[PDB]
Each structure stands twice: as structure tokens, then as C-alpha cells.
Chemist: 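Sharing a structure here in C-alpha cells format.
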Amino acid sequence: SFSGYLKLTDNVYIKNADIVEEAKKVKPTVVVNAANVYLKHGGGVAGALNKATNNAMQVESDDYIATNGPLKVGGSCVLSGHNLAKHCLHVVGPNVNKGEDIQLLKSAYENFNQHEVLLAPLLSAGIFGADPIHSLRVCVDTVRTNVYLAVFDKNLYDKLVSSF
Ligand SMILES: O=C(O)[C@H](CC1CC1)Nc1ncnc2[nH]ccc12
């Protein structure tokens with residue numbers, strides 16, 4: 001059900017789209033969230049996905065943290081996708097703005113290999129502070145399963161395609 005994506009490699013496709021709108025239309029098996037270790041979904045992709053679930057994602061996430069404690073930077077957990085997808089894979093890329101190691105970005109993308117097909121954002125981009133060109137390069141060099149990347153900003157999408 002994914003449509004309008006540009007093919008970058010055998011397994012990586014990209015589109016200029018709002019990942020929330022894309023999840024509502026497609027209802028994928030897995031949507032990836034750009035999470036933090038506490039699963040506090042305040043802003044960016046996490047805030048937008050959570051708002052679209054009417055805060056059900058945050059209620060489920062607070063119960064997960066109360067039981068299990070925080071995730072690691074580079075780690076992930078599988079929770080419900082609520083009204084957006086079957087599952088949500090919450091993946092923690094390093095936040096440069098908070099001083100986290102950029103080498104952990106490859107470990108973060110390795111989580112995608114546990115799922116056959118995913119709708120995802122570029123990890124560590126936006127308010128996480130990493131260079132999005134670098135994030136797309138690490139994605140294409142790490143993920144082996146089928147990943148459909150939604151890039152929100154039009155100008156960034158054009159820059160990523162032309163420089164690939
Ligand atoms: O458009 C995106 O998909 C990302 C993440 C954002 C959607 C949460 N945006 C950006 N990422 C890196 N540098 C940027 N400069 C301006 C925008 C921008």
C-alpha cells in the first residue's frame with residue numbers, strides 16, 4: 001500500500017511526507033518512532049505520533065517504563081501501533097544536542113533488521129541534531145529489510161535526493 005516513493009536502493013525507498021499522515025493512509029505492520037530512552041513523546045516525530053493516538057501511546061509507554069526502566073541509546077522496544085499501525089517500533093538514535101555518541105546511529109538502525117517492512121523517519125535527524133545526509137547513508141549501509149522513509153521537510157527531501 002506504499003505509493004509515490006522514490007527508489008534509492010534494492011530495499012530503501014523515500015518520500016516527502018508527514019509520517020503520521022502516511023501511517024493513517026497505509027496502516028503499515030510497523031511504524032518506527034524516533035524515541036528517547038524515557039519514551040517521553042514530546043516533540044518531533046514522537047510528539048506527532050503520540051498526538052495522533054490521542055495520548056494512548058504515552059499511557060502505554062509510561063507503563064512500559066514503570067515495568068522495565070529506560071531503553072539504551074541505540075536500542076528499541078516493540079509496542080502497540082494503536083490506530084496508526086499494527087506495531088510501533090520505538091528506536092532511540094543518539095541525540096547530538098544532548099551529547100550522545102553518533103557511532104550509536106548504526107546500532108539504532110540495526111533494530112530495523114528484525115522487521116520485514118517498516119515505515120520510518122530518518123533517525124537522529126530534526127531536533128536530535130545529527131546531519132540528515134549522514135543518517136540516510138547509515139540507513140542504506142545498515143538496513144537489509146524493506147524500509148519506506150518519510151521525510152517531512154520538502155527542502156531537506158530535495159537535498160537528500162540530489163546528494164545521494
Ligand atoms: O524533515 C524531517 O524528516 C526531519 C525531522 C523532523 C520531522 C521531525 N527534519 C529535519 N532534519 C534535519 N535538519 C532539518 N532542518 C530543518 C528541518 C530538518
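In this chain, numbering begins with 1 at the start of the sequence shown. Just the heavy atoms: all of them, side chains too, but no hydrogens, waters or symmetry mates, feed the values below.
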Chemist: For residues 149-158, which side-chain donor-acceptor pairs fall under 3.5 Å, sequence neighbours excluded?
Modeler:
unit_1	atom_1	unit_2	atom_2	d
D153	OD1	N155	N	3.2
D153	OD1	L156	N	2.9
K154	NZ	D158	OD2	3.0

Chemist: Taking side-chain hydrogen bond (donor to acceptor under 3.5 Å, both in side chains) as the test, write out the residues that go with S76, two or more places apart.
Modeler: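 Applying side-chain hydrogen bond (donor to acceptor under 3.5 Å, both in side chains) to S76 gives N111.
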
Chemist: What is the distance from atom CD1 of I19 to atom CG of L84, rounded to the nearest 0.5 Å?
Modeler: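 These two atoms lie 9.5 Å from each other.
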
Chemist: Evaluate the salt bridge (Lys or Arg N to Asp or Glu O under 4.0 Å) criterion for residues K25 and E22: first the C-alpha distance (whole Å), next the side-chain angles of each, then the deciding distance (0.1 Å), finally the verdict.
Modeler: CA-CA 5 Å; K25 182 79 190 322; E22 191 67 10; over 6 Å; no

Chemist: Is it the case that the side chain of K7 and the backbone of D10 share a donor-acceptor pair, with hydrogens and angles ignored and the cut-off at 3.5 Å?
Modeler: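 Checking the backbone N and O of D10 against the side chain of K7, a donor-acceptor pair under 3.5 Å is found.
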
Chemist: Around atom CD of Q114, are there more than 12 heavy atoms from other residues, nucleotides or ligands closer than 6.0 Å?
Modeler: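 No, because the 6.0 Å sphere around CD of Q114 holds 12 heavy atoms or fewer from other groups.
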
Chemist: Locate the shortest heavy-atom distance separating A85 from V30; write the atom from each residue and the value.
Modeler: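 In this case the closest contact between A85 and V30 is CB-C, 4.4 Å.
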
Chemist: Show your reasoning for whether side-chain contact (heavy atoms from CB on, under 4.5 Å) applies to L136 and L122.
Modeler: CA-CA 7 Å; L136 177 53; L122 282 166; 4.0 Å; yes

Chemist: I need the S80 OG to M57 CE distance, nearest 0.5 Å.
Modeler: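 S80 OG to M57 CE: 8.0 Å, rounded to 0.5 Å.
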
Chemist: List for me each residue that meets side-chain hydrogen bond (donor to acceptor under 3.5 Å, both in side chains) alongside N55, sequence neighbours excluded, and say none if there are none.
Modeler: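 Expected list: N50.
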
Chemist: According to side chain to side chain contact (heavy atoms under 4.5 Å, CB included), who are the partners of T142, at least two apart in sequence or on a separate chain?
Modeler: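 Applying side chain to side chain contact (heavy atoms under 4.5 Å, CB included) to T142 gives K106, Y109, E110, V138.
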
Chemist: Shortest non-hydrogen contact from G4 to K15?
Modeler: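 That closest heavy-atom pairing would be O-CG, 3.8 Å.
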
Chemist: Could you note down all residue pairs passing ring-ring contact (aromatic ring centres under 6.0 Å, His included) where residues 72-96 supplies at least one of them, sequence neighbours left out?
Modeler: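 ring-ring contact (aromatic ring centres under 6.0 Å, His included) check on residues 72-96 returns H41-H90.
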
Chemist: Could you state whether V78 and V143 fall into the same hydrophobic cluster, counting links through intermediate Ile, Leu, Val, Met, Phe, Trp or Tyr residues with side-chain heavy atoms under 4.5 angstrom apart?
Modeler: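 Both belong to a single hydrophobic cluster.
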
Chemist: For a quick test of reading the model, state the closest non-hydrogen atom pair linking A108 to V91 and the distance between them.
Modeler: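 So the two residues come closest at O-CG1, 3.4 Å.
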
Chemist: Does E100 use its side chain to pair, donor to acceptor, with the backbone of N95 at less than 3.5 Å?
Modeler: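 Pair found, side chain donor or acceptor close to backbone of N95.
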
Chemist: Group every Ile, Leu, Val, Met, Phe, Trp and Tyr by side-chain heavy-atom contacts under 4.5 Å, then state whether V12 and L89 land in the same group.
Modeler: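 As far as the 4.5 Å side-chain criterion goes, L89 and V12 are connected within one cluster.
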
Chemist: Are more than 12 heavy atoms, taken from residues, nucleotides or ligands other than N68, located less than 6.0 Å from that residue's CG atom?
Modeler: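 Above 12, so yes.
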
Chemist: Taking all non-hydrogen atoms of both residues, which atom of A23 and which atom of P28 are closest, and how far apart?
Modeler: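 Shortest heavy-atom contact: O-CD, 3.7 Å.
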
Chemist: Heavy atoms only: give me the nearest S124-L105 pair and the separation to one decimal.
Modeler: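 Looking at all heavy atoms of both residues, the closest pair is OG-CD1, 3.6 Å.
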
Chemist: With a cutoff of under 4.5 Å between side-chain heavy atoms, which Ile, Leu, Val, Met, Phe, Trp and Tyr residues group with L39?
Modeler: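 The other cluster members (ILVMFWY side chains, heavy atoms under 4.5 Å, direct or chained) are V37, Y38, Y64, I65, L71, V73, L79, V92, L104.
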
Chemist: With a 4.5 Å limit on heavy-atom distance, are the side chains of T53 and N83 in contact?
Modeler: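 Answer yes - side chains close enough.
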
Chemist: Which residues pass the ring-ring contact (aromatic ring centres under 6.0 Å, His included) test with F164, not counting sequence neighbours?
Modeler: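 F164 satisfies ring-ring contact (aromatic ring centres under 6.0 Å, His included) with no residue once adjacent residues are dropped.
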
Chemist: For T145, which of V117, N11, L118 qualifies under side-chain contact (heavy atoms from CB on, under 4.5 Å)?
Modeler: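 Single side-chain contact (heavy atoms from CB on, under 4.5 Å) partner of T145 among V117, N11, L118: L118.
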
Chemist: If the condition is side chain to side chain contact (heavy atoms under 4.5 Å, CB included), which residues does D131 pass it with, not counting sequence neighbours?
Modeler: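 Testing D131 for side chain to side chain contact (heavy atoms under 4.5 Å, CB included), a comparison that skips the adjacent residues, returns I133, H134.
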
Chemist: Mind checking ring-ring contact (aromatic ring centres under 6.0 Å, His included) for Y148 and listing every partner two or more places apart, or none if nothing turns up?
Modeler: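 By the ring-ring contact (aromatic ring centres under 6.0 Å, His included) rule, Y148 matches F2, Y5, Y13.
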
Chemist: List for me each residue that meets side-chain hydrogen bond (donor to acceptor under 3.5 Å, both in side chains) alongside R144, sequence neighbours excluded, and say none if there are none.
Modeler: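 For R144, no residue satisfies side-chain hydrogen bond (donor to acceptor under 3.5 Å, both in side chains) once neighbours in sequence are set aside.
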
Chemist: Would you kindly confirm whether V31 and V147 end up in one hydrophobic cluster when ILVMFWY residues are joined by side chain heavy atoms under 4.5 Å apart?
Modeler: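 Looking at the clustering, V147 is in a separate group from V31.
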
Chemist: Test of understanding: with side chain to side chain contact (heavy atoms under 4.5 Å, CB included), list the residues that count as partners of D141, not counting sequence neighbours.
Modeler: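 Here the qualifying residues are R137.
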
Chemist: Give, for atom OG of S135 and atom CD1 of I102, the distance between the pair rounded to the nearest 0.5 Å.
Modeler: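 Spacing of OG (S135) from CD1 (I102) equals 7.5 Å.
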
Chemist: On a heavy-atom basis, which atom in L160 and which in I14 lie closest, and how many Å separate them?
Modeler: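 Result for this residue pair: CD1-CD1, 4.4 Å.
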
Chemist: Could I get the full list of side chain to side chain contact (heavy atoms under 4.5 Å, CB included) partners for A48, not counting sequence neighbours?
Modeler: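 With neighbours one apart ignored, the set is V20.
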
Chemist: Mind checking whether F128 and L123 sit in one hydrophobic cluster, side chains of I, L, V, M, F, W, Y counted as touching below 4.5 Å?
Modeler: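 Different clusters.
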
